[PDB]
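See below for the structure under consideration.
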Amino acid sequence: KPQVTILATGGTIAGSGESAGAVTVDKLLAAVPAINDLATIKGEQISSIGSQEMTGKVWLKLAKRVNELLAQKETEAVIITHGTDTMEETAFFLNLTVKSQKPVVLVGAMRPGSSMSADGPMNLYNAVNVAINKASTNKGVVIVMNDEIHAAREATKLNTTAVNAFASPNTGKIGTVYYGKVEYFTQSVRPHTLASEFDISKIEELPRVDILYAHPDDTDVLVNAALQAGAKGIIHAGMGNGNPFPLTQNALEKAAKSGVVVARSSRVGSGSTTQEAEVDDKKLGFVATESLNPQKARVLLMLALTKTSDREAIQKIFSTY
Amino acid sequence: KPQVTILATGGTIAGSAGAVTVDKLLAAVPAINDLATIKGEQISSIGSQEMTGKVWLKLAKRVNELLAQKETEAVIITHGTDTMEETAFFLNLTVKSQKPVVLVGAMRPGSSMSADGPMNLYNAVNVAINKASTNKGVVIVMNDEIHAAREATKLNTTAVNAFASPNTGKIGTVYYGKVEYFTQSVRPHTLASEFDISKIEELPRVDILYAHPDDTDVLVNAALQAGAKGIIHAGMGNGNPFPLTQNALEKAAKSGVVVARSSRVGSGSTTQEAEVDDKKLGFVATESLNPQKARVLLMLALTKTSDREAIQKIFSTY
Amino acid sequence: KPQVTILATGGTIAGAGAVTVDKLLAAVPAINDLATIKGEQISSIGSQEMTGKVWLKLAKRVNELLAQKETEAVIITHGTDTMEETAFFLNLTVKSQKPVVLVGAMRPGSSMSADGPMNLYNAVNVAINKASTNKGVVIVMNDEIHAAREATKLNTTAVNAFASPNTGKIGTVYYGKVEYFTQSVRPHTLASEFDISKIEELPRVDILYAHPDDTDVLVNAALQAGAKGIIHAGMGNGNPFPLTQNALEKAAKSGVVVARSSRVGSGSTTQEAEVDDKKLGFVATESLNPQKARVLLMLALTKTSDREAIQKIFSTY
Amino acid sequence: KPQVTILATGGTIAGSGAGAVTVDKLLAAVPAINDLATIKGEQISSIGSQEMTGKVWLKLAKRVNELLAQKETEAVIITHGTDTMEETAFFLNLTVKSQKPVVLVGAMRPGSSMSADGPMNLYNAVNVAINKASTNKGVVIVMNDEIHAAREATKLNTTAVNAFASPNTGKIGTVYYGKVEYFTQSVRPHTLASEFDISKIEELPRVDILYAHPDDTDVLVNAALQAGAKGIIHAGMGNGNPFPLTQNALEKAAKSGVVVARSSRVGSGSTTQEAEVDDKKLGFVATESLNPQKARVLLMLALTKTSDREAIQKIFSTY
């Protein structure tokens, strides 16, 4: 039987009303007993928060612990139970810091376990089947939600409330899991996990990266406050294909000239924030984030800034990962 | 032939009438001359990422003047795609007419291979003159689709099919000029709007904040220092803030700056009675909009109230 | 408290004087706080077994119930496979503005994370909501309110399998909170010209699946079986293969109505594209899908077989 | 410069008013392509794609195989009608014995149209065809700035320029003013890895497709059997469910040695094994994550070497 550790970052995603190693994981196994037949489950309570309270300190603790567990010959896979709000940021961060080909599966629930028609039991059961599947090896970190397997690079929460809120808008799901039957149809061709250049093993604090939301009649004062608070990087969630308002652009130009990395993304939801469009990135000293979203671009810029603030090197990073 | 005015806000979206850029549109798409008697005016000459409240107010007041004219049957506005959704939503609540108002643009420049501007503009004229377009509210016509201004958004950076109505869908189609409606909005618009910008010179300042893990107080604080009258928070999932940011928004709301919760996710309602105690913190839930349109509705709300309850009713109505 | 009748067409989708409805109320007791529920069993079949006899029995019973002053709405529990056809049929045969809600479950009641309980609870909330009056027949699934005209099952297994690919949902229902954002502008229900009150059997209408190297033998077999109408699910914008076209032209000349739809899944099968409908004697189904176009053609054939009159029906409803 | 052949299956997809006149007219309409590649042209067929047949698929697959076996040929681009592009692309995806790019491209608007999509689609297709990352991606459809794997592609809309979709996955890449990026690749075997070889085949097996609905019939199953169908695709209700009368005729078909493969009318998702239909008892195949028209192509290929239920289920569970 495969040995799998469930790391809980918060409360139970499945069941309600109630020795693996963490009381939350004991309550999951009691609520979804079918998972005991699939894997020998150990549990740990890695953090004790809602995903809207996530911090870089928790991301570092989680990455280091996932790396320690998957370095163990006895451990086949890790499943992380996670709040849906920021699951895509944690998954993306682990996709570039986990140094293993063994499966890492993040899973959550859009409805509380106490709800009518709670999604957590099926999502967790499916997650365990994905974690133990031979084809999950070397797929990178995945999100399993609503019978779908999403590449961490591509995944996002695209809806506030729907059980089907997770999407991969620039690709689509890489696979399906239906009552535990796992089938992959595609795999990412963007480097992840072992192929990532990033190493957070010695890092205690990630670089500060702010995100700004672009609109008509925009401002310089939020760029200025990010600079004053010691931002190392700024993601600009631009209008359309990463376009700033002029007052904001002038402040971003000043930020870039001071050595703060300015990375253009978009508020729109999907598509690439492309190079050689309307913004003169080379003159103004900006990076184009291409086919990500602001919150995942922030994670990649945080990781980039652990070893470079050079525009050309960071553009290569955005054009590679 | 019906009389329609085309208001340009930038350059040509494709390729006498009273504006050289509209004359160029007519040269580029001469079939439109058989559909309508076209007059042209140049309201601004900017990319839509340069839009300001000043240009929104100038455009809305001029649309209101034109549609009050007995001879004028509809207005078409050519607009950059990046912020077309905000201008359309603003006009949807400030235009006091049932006559058609159609916004149109082009995801590819007029000089491009397979430029989308010619067909978009030709389809927009057909929608503007169609009998069924009356009392549909302001509409965006793109990629053979008719989108209610309330619902419409640019959802992709480059695709010719970048416009969508993620919470509904298109209200109709226009295919080589053939116009068909299948649905209509049941949210009040145009003539049924309470807002009146006829003597407004400047709109209230409303900032937008982008939420993420390890979020900050310093952008709330900078918005307050700059005289924000409202803040849209583009929250994580169902409008959730990071704690440090929440505490700064609570301070902002106690100071009498309206805080309205939206979402960064892209679709769905930022709901009341979820994980945020809006009544205790003094916030508004923006429900089924997006941050950029929620900002437009809060800017209009603030022209007549800063009361949390009154503004929640505005979000739960429009 | 409002009085609602639940009509069951199969078993229980979750977990009065119908045992199946009693089991629903046992499975989702919160519904008893929302409404006084009466229950009837109209059929006891999977939706892949549906027939025109069951559609007619259901429509006439819905009409009787909604004519009662005491009855505020009807909810019908239905298999997902053919819910869109039943909903569309009722949308043109229910002579009332009172809410008619179809609901089902993509996962059996016995499954982990069964969707039936929340779907049914949401369906009752929609059925009793003031704003649901005169919206036409709706499908309520996965927190979404879909117009019967526009609704289709688009996925084999997903709980989010229902969609309105040419519009979108007309509203939402989240933990019982009901909000409409749009309504259909196509006439329905009380405004429908159709009347099935004394109809015992619907006209036969076959559906053909177009592809390269297509055949005439399925057209020919539909004709031999007494088809009154044929829906052709054509390639792209309703295009037939030549051999098939020739057989359809023959079918139309014989007085069997040929209506062009598409296999693609969304969009209009338009007039004035590559097929000369007027010369070949065909109808273009426009913005439907083959399974709903079959329903509208079956109802059309209750009053006419005239190509012009049937085109107007497709261009109206 | 890279040498690419354009095979035209019909008229010009771009423009209005070498080796084939249609390709000469494409190059006159989109001259930027001459900067990218040395283009040769051939007129392989002269039809709208609604008139496609297995004879034309065989001709096309054999000619693509000959051209890609040429050391100097980098890639083939095939201009094709949108209606049945997905069927031709899926057929080539299992019969082209090469990793060199094969790109199918078309236009949802005629080249004479306002805002014709052909010029940019064709320009993009040439950039995909000459991209080194396009090697061993399988046969692809390039439409509307998107790169779709042939296995996953379908036309999902009647008229939209964005009518192409990959509903079970998503596009494998993007091409935006010629800039080619891949994000994913199919993990299902294709092209050089496929077991099928049509080199000796002059005629493909007959496979009919049936459209399921309430109050369904047996007479279309019966007519397919009488016409000598070797296979039937059943486009079932929901997860591939038949009406009972139709199921009884399909069971008779299967007993008579005609292969019955269950698909779905719905548009997306898997027609799964071990659902409500007892496939092993009734002698049916479940087509899983395809659609009826692509399931037809795979069944036609399967029938060139076997009619065994178990072997054909393995084919559908593999490709």
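Protein chains in written order, with the deposited numbering: chain B, 3 to 20, 28 to 330; chain A, 3 to 17, 28 to 330; chain C, 3 to 17, 29 to 330; chain D, 3 to 19, 29 to 330.
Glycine included, each C-beta is placed from N, C-alpha and C at the ideal position.
Q: Report the partner residues of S279 of chain B according to the DSSP bridge assignment.
A: Working through the first sequence from its first residue, we reach residue 279 of chain B at position 270. DSSP, once it has assigned bridges, lists A:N168 as partnering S279 of chain B.
Q) Just reading off the alpha helix (DSSP H) that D35 of chain D is part of, what are its end residues? A) Residue numbering aside, residue 35 of chain D sits at position 24 when the fourth sequence is read from its first letter. That run of the alpha helix (DSSP H) goes 32-40.
**Q.** Span separating the alpha-carbon of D289 of chain A from that of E299 of chain A
**A.** As a working note, residue 289 of chain A is residue 277 in the second sequence. As a working note, residue 299 of chain A is residue 287 in the second sequence. Using only the alpha carbons, I get a separation of about 15 Å.
Q) Along chain G, which residues have their Cβ under 8 Å away from the Cβ of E287 of chain D? A) No chain G appears in the structure shown, which is made up of the protein chains B, A, C and D.
Q: Taking the CB atoms as reference points, tell me whether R276 of chain B and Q304 of chain A lie closer together than 8 Å.
A: Walking along the first sequence from the start, residue 276 of chain B turns up at place 267. Walking along the second sequence from the start, residue 304 of chain A turns up at place 292. Yes, they are a contact pair.
Q | Spatial neighbours of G129 of chain B in its chain, beta-carbon cut-off 7 Å, leaving aside the 5 residues before and after | A | As a working note, residue 129 of chain B is residue 120 in the first sequence. Counting only Cβ-Cβ distances below 7 Å, and skipping sequence neighbours, we find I15, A16, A118, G122.
Q. Roughly how far, in whole angstroms, is the beta-carbon of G278 of chain D from the beta-carbon of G278 of chain C, given that I think they are within contact range, below 8 Å?
A. Against the fourth sequence, residue 278 of chain D aligns to sequence position 267. Against the third sequence, residue 278 of chain C aligns to sequence position 265. With 8 Å as the limit, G278 of chain D and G278 of chain C qualify as a contact, their Cβ atoms being about 4 Å apart.
Q: Classify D319 of chain B as buried or exposed, calling it buried when 16 or more other Cβ atoms lie within 10 Å of its own Cβ.
A: Here residue 319 of chain B is taken as the residue at index 310 of the first sequence, counted from 1. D319 of chain B is exposed by the Cβ-count criterion.
(Q) Let me make sure I understand the geometry here. Which of B:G65, B:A161, B:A29, B:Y193 has the alpha-carbon closest to that of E213 of chain B? (A) Taking the first sequence and counting its residues from 1, the one referred to as residue 213 of chain B is at position 204. Checking every option, the nearest Cα to that of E213 of chain B belongs to B:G65.
Q: Within the region 246-301 of chain D, note down every full alpha helix (DSSP H) run reaching 4 residues or more, in order along the chain.
A: 255-266, 290-293
Q) If you pair each beta-carbon of the region 184-193 of chain D with each one of the region 259-274 of chain C, do three or more pairs fall below 8 Å? A) no
Q) What in chain B is Cβ-close to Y187 of chain C, meaning under 7 Å? A) Taking the third sequence and counting its residues from 1, the one referred to as residue 187 of chain C is at position 174. Under the 7 Å cutoff, chain B gives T170.
Q. What distance in whole Å lies between the Cβ atoms of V186 of chain C and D156 of chain C, which are believed to be in contact at a cut-off of 8 Å?
A. Position 143 of the third sequence, counted from the start, is the residue given in the question as residue 156 of chain C. Position 173 of the third sequence, counted from the start, is the residue given in the question as residue 186 of chain C. That belief holds up - the Cβ atoms of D156 of chain C and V186 of chain C are roughly 6 Å apart, short of 8 Å.
Q: Find the residues of chain C that neighbour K305 of chain A, judging by a C-beta separation of less than 8 Å, and give them in chain order.
A: Your numbering for residue 305 of chain A matches position 293 in the second sequence. Here the premise fails: no neighbours, minimum Cβ distance about 13 Å.
**Q.** Close Cβ partners of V67 of chain C (< 6 Å) along its chain, the five nearest in sequence each way excluded
**A.** Taking the third sequence and counting its residues from 1, one reaches residue 67 of chain C at position 54. Cβ neighbours of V67 of chain C beyond the five flanking positions: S56.
Q) What are the residues of the region 195-228 of chain D that lie near chain B, defined by any Cβ-Cβ distance shorter than 8 Å? A) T195, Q196, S197, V198, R199
Q) Taking 8 Å as the CB-CB cut-off, is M248 of chain D touching chain C? A) Position 237 of the fourth sequence, counted from the first residue, corresponds to residue 248 of chain D. Yes, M248 of chain D counts as interfacial toward chain C.
Q) How would you list, in chain order, the residues of chain A whose beta-carbon sits under 7 Å from the beta-carbon of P130 of chain D? A) As a working note, residue 130 of chain D is residue 119 in the fourth sequence. Ordered by position in chain A, the residues that pass the 7 Å Cβ test against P130 of chain D are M125, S126.
**Q.** Cβ separation of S60 of chain D and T93 of chain D, assumed to be a contact under 8 Å, to the nearest whole Å
**A.** Mapped onto the fourth sequence, residue 60 of chain D falls at position 49. Mapped onto the fourth sequence, residue 93 of chain D falls at position 82. About 7 Å separates the two Cβ atoms, so the contact holds.
Q. Beta-carbon of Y193 of chain D versus every beta-carbon of chain B: anything under 8 Å?
A. For the purposes of this step, residue 193 of chain D is identified with residue 182 of the fourth sequence, where counting begins at 1. Yes, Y193 of chain D lies at the interface with chain B (some Cβ there is under 8 Å from its Cβ).
Q) Can you name the residues of chain A whose CB is closer than 9 Å to the CB of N179 of chain C? A) Taking the third sequence and counting its residues from 1, the one referred to as residue 179 of chain C is at position 166. Within 9 Å Cβ-Cβ: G181, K182, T185, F194.
**Q.** Exposure of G12 of chain D, with buried meaning 16 or more beta-carbon neighbours within 10 Å
**A.** Numbered from 1 along the fourth sequence, position 10 holds the residue referred to as residue 12 of chain D. With 16 or more other Cβ atoms within 10 Å, it is buried.
Q) Name the DSSP bridge partner or partners of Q54 of chain A? A) Here residue 54 of chain A refers to the residue found at position 42 when the second sequence is read from its first residue. Answer by DSSP bridge pairing, in chain order: A:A10.
Q: Determine the direct distance from the alpha carbon of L71 of chain C to that of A161 of chain C, and round the result to whole angstroms.
A: Counting from one through the third sequence, the residue named residue 161 of chain C turns up at place 148. Counting from one through the third sequence, the residue named residue 71 of chain C turns up at place 58. About 16 Å.
Q: Could you tell me which chain B residues have their CB closer than 7 Å to the CB of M154 of chain A, listed as they occur along the chain?
A: The residue labelled residue 154 of chain A in the question sits at position 142 within the second sequence. Going along chain B, no residue has its Cβ under 7 Å from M154 of chain A, so there is no contact; the nearest lies around 13 Å.
Q. Going by other Cβ atoms of all chains shown within 10 Å of its Cβ, with 16 needed for buried, is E206 of chain A buried or exposed?
A. Within the second sequence, the letter at position 194 stands for residue 206 of chain A. It is exposed - the Cβ of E206 of chain A has fewer than 16 other Cβ atoms within 10 Å.
Q: Just grab the DSSP bridge partners of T90 of chain C for me.
A: Taking the third sequence and counting its residues from 1, one reaches residue 90 of chain C at position 77. According to DSSP, which records beta bridges pairwise, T90 of chain C is partnered with C:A10, C:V116.
Q: Could you tell me which residues DSSP puts in a beta bridge with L221 of chain A?
A: Here residue 221 of chain A refers to the residue found at position 209 of the second sequence. In DSSP, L221 of chain A forms a bridge with B:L221, A:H245.
Q | Partner residues on chain C for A48 of chain D, Cβ-Cβ distance less than 9 Å | A | Numbered from its first residue, the fourth sequence carries residue 48 of chain D at position 37. Going along chain C, no residue has its Cβ under 9 Å from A48 of chain D, so there is no contact; the nearest lies around 29 Å.
Q.
Looking only at its chain, what residues have a beta carbon closer than 7 Å to the beta carbon of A264 of chain D, apart from the 5 residues adjacent to it on each side?
A. Start at 1 with the first residue of the fourth sequence, and residue 264 of chain D comes out as number 253. Correct list, in chain order: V232, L236, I243, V271.
Q.
Between D:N138, D:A164, D:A100, D:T170, which has its C-alpha nearest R120 of chain D's C-alpha?
A. Within the fourth sequence, the letter at position 109 stands for residue 120 of chain D. The residue with the shortest Cα to Cα distance from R120 of chain D is D:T170.
Q: Mind listing the chain A neighbours of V107 of chain B? Cutoff is C-beta to C-beta under 7 Å, in chain order.
A: The residue given as residue 107 of chain B occupies position 98 in the first sequence. Those within 7 Å of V107 of chain B in chain A number zero; the least Cβ separation is about 18 Å.
**Q.** Spatial neighbours of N138 of chain A in its chain, beta-carbon cut-off 7 Å, leaving aside the 5 residues before and after
**A.** Here the question's residue 138 of chain A lines up with position 126 in the second sequence. Cβ within range, chain order: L47, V186, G189, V191.
(Q) So that I know if they touch, is there some Cβ in chain B lying closer than 8 Å to that of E157 of chain A? (A) Along the second sequence, one-based indexing puts residue 157 of chain A at 145. No, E157 of chain A lies away from the interface with chain B (no Cβ there is under 8 Å from its Cβ).
Q. Taking only beta-carbon atoms, is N233 of chain B less than 8 Å away from chain A?
A. For the purposes of this step, residue 233 of chain B is identified with residue 224 of the first sequence, where counting begins at 1. Yes, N233 of chain B counts as interfacial toward chain A.
(Q) Considering only DSSP beta bridges, list what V186 of chain C is partnered with. (A) Position 173 of the third sequence holds residue 186 of chain C. Answer is C:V191, bridged to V186 of chain C.
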